[PDB]
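sharing an experimental structure here, sequence included.
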Amino acid sequence: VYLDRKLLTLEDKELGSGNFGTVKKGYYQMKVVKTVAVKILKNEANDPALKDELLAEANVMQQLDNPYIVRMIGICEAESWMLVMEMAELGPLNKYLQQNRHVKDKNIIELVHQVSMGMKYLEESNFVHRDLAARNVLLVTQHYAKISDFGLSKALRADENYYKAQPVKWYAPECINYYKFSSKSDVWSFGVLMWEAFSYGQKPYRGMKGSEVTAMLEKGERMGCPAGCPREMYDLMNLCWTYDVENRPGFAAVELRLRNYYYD
Ligand SMILES: NC(=O)c1cnc(N[C@@H]2CCCC[C@@H]2N)nc1Nc1cccc(-n2nccn2)c1
């Protein structure tokens, strides 16, 4: 659970930042060092929401064990609170495609299929991600994607099929209208993730407010087919963007459709 700060090296130059604080690269001496990515809570982890958001992520990651989900090494309590994870060496999918416009359609299918296998496992484990987007898919290699950023993720109780709540562009209508998050709402987000990936990390619904996205979706309109996107992958996006939750496919159906297409 708890790691020795003296066994952790952090590089000065951040990989990036969020509201939570910074992401730093380093290594942890567990033998052989392990390259790590570290979320460091800003301001000595003063904010109890941040600490819960780290713990939440930490607690979710701890419970999850799957090749397409980022693994946690532990928590280090030093200059700040640090969530220490296995390093996804090539970084977030949206950034990598933005800077590598040459990646082939076939390579993108392989990666989004890997995401669908991680999500299928999440759905089987009755977890809802609630932040599934290209920025929260991390590349280990050019051909190995993992899902990360479980800060908003919820372990569903056995007596429930959705989380009722107290990134709208990635949210299904029932999330916006009824505050209901299910594996089916994650399928909708996976639709937007696919559009992002075939759009080489472009933002969805460019220049639109959330309320305008809601209005467009209510009129039955959908984002157009990305340049070079195979028709079968745009068909699957549109299937993920099924308005009616009951008729939207789950990740079992999504993973099977991506598997069959990819391996043929
Ligand atoms: N390797 C991990 O285990 C890891 C887990 N989670 C995250 N989460 C971050 C939060 C901030 C947005 C981006 C992402 N969703 N990043 C990770 N690594 C990583 C590796 C290279 C670059 C970056 N990077 N580039 C810009 C910012 N961060 C991150």
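Done, it's in. Numbering: from 1, shown residues only.

which stretches in the stretch 101-250 of the chain count as helices?
105-124, 173-178, 183-198, 210-218, 231-240 (DSSP state H, counting those that start in this stretch).

could I get the ones you listed as JSON lines with distance to residue 78 and mean neighbour count?
Bear in mind the C-beta positions are built from the backbone N, C-alpha and C, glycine included. JSON lines is the format used below for the helices of the stretch 101-250 of the chain (distance: least, Cβ to Cβ, whole Å; neighbours: other Cβ atoms under 10 Å):
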{"stretch": "helix 105-124", "distance to residue 78": "31", "mean neighbour count": "20"}
{"stretch": "helix 173-178", "distance to residue 78": "37", "mean neighbour count": "17"}
{"stretch": "helix 183-198", "distance to residue 78": "34", "mean neighbour count": "25"}
{"stretch": "helix 210-218", "distance to residue 78": "39", "mean neighbour count": "14"}
{"stretch": "helix 231-240", "distance to residue 78": "42", "mean neighbour count": "17"}
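
which of these sits closest to the ligand?
helix 183-198 (12.5 Å; Cβ to the nearest ligand atom).

check which helices and strands the closest one sits against.
helix 93-98, helix 105-124, strand 127-128, helix 173-178, helix 231-240, helix 251-262 (3 or more Cβ pairs under 8 Å, 6 or more residues apart in numbering; DSSP states H and E).

now do 10 Å
Secondary-structure packing of helix 183-198 (3 or more Cβ pairs under 10 Å, 6 or more residues apart in numbering; DSSP states H and E): helix 93-98, helix 105-124, strand 127-128, strand 137-141, helix 173-178, helix 231-240, helix 251-262.

let me have the ones you listed in CSV, extended by distance to residue 65.
Below are the helices and strands packed on helix 183-198 laid out as CSV (distance: least, Cβ to Cβ, whole Å):
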stretch, distance to residue 65
helix 93-98, 22
helix 105-124, 9
strand 127-128, 12
strand 137-141, 16
helix 173-178, 27
helix 231-240, 26
helix 251-262, 17
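
minimum distance to residue 215: which of those has it?
Smallest distance to residue 215 across these (Cβ to Cβ): 11.0 Å, for helix 173-178.

could you measure from the closest residue to the ligand within the stretch 51-200 of the chain over to residue 202?
Nearest residue of the stretch 51-200 of the chain to the ligand (Cβ to the nearest ligand atom) works out as residue 91 at 3.1 Å. Separation of residue 91 from residue 202 (Cβ to Cβ, to the nearest Å): 17 Å.

who's in contact with residue 9?
24-29, 33, 36 (Cβ atoms under 10 Å, 6 or more residues apart in numbering).

quick one: contacts of the helix or strand harbouring residue 55?
Take DSSP states H and E as the rule and residue 55 turns out to sit in helix 48-63. Residues outside helix 48-63 that contact it (Cβ under 10 Å, 6+ apart) are 1, 18-21, 39-43, 45, 47, 69-75, 80-86, 122, 125, 127, 129, 148-155.

what about the ligand: which of those residues touch it?
Of the residues in the contacts of helix 48-63, proximity to the ligand by Cβ under 6 Å from any ligand atom holds for 18, 70, 85-86, 148-149.

can you name the element that comes right after the helix or strand residue 24 falls within?
Assigned by DSSP H and E, residue 24 belongs to strand 21-29. Using DSSP H and E, the helix or strand that follows strand 21-29 towards the C-terminus is strand 33-41.
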